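Just so we're on the same page, the deposited numbering is the position in the sequence shown counted from 1, plus 193.
Below is one structure, written out as structure tokens, with a few remarks after it.
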Amino acid sequence: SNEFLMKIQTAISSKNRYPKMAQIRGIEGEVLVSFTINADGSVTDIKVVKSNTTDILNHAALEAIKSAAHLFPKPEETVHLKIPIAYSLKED
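And the structure:
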């Protein structure tokens with residue numbers, strides 16, 4: 194299995210914003226977001242590919258990547274990445 198990626202998925206979720214009515218009306222889901230880390234240590238090029246959930250959450254999941262960017266590992270070259278981002282009314 195992976196390692197460091199599980200822990201940034203946490204730091205991203207800790208910066209990620211969920212709306213004040215969403216738990217009350219039962220809203221959840223998973224957003225697919227494509228991006229890259231540079232070998233220079235910065236994060237760029239964040240774009241949403243797919244979602245099963247609110248387009249208001251899709252706008253928040255993409256920003257959460259930039260918002261946790263100082264926690265991230267360094268690649269050996271600037272390749273590509275394509276990552277799913279999750280929400281829950283469950284504590285997580």
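C-beta: ideal position from N, C-alpha, C; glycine also.
Query: Inter-residue CB distance, residue 229 and residue 271 (contact presumed, cutoff 8 Å); Result: 6 Å
Query: Where the beta strand (DSSP E) containing residue 223 begins and where it ends; Result: 223-230
Query: Cα-Cα separation, residue 220 to residue 256; Result: 19 Å
Query: For residue 281, the first and last residue of its enclosing beta strand (DSSP E); Result: Per DSSP, residue 281 belongs to no beta strand (DSSP E) and is neither H nor E.
Query: Closest residue to residue 183 among 225, 268, 213, 281 (Cα-Cα distance); Result: Because residue 183 is not part of the residues shown, which for the chain are 194 to 285, the question remains open.
Query: Cβ-Cβ distance between residue 209 and residue 254 below 8 Å; Result: yes
Query: Within 8 Å, strictly: CB atoms of residue 206 and residue 222; Result: no
Query: Residue closest to residue 234, alpha-carbon to alpha-carbon, out of 277, 266, 258; Result: 266
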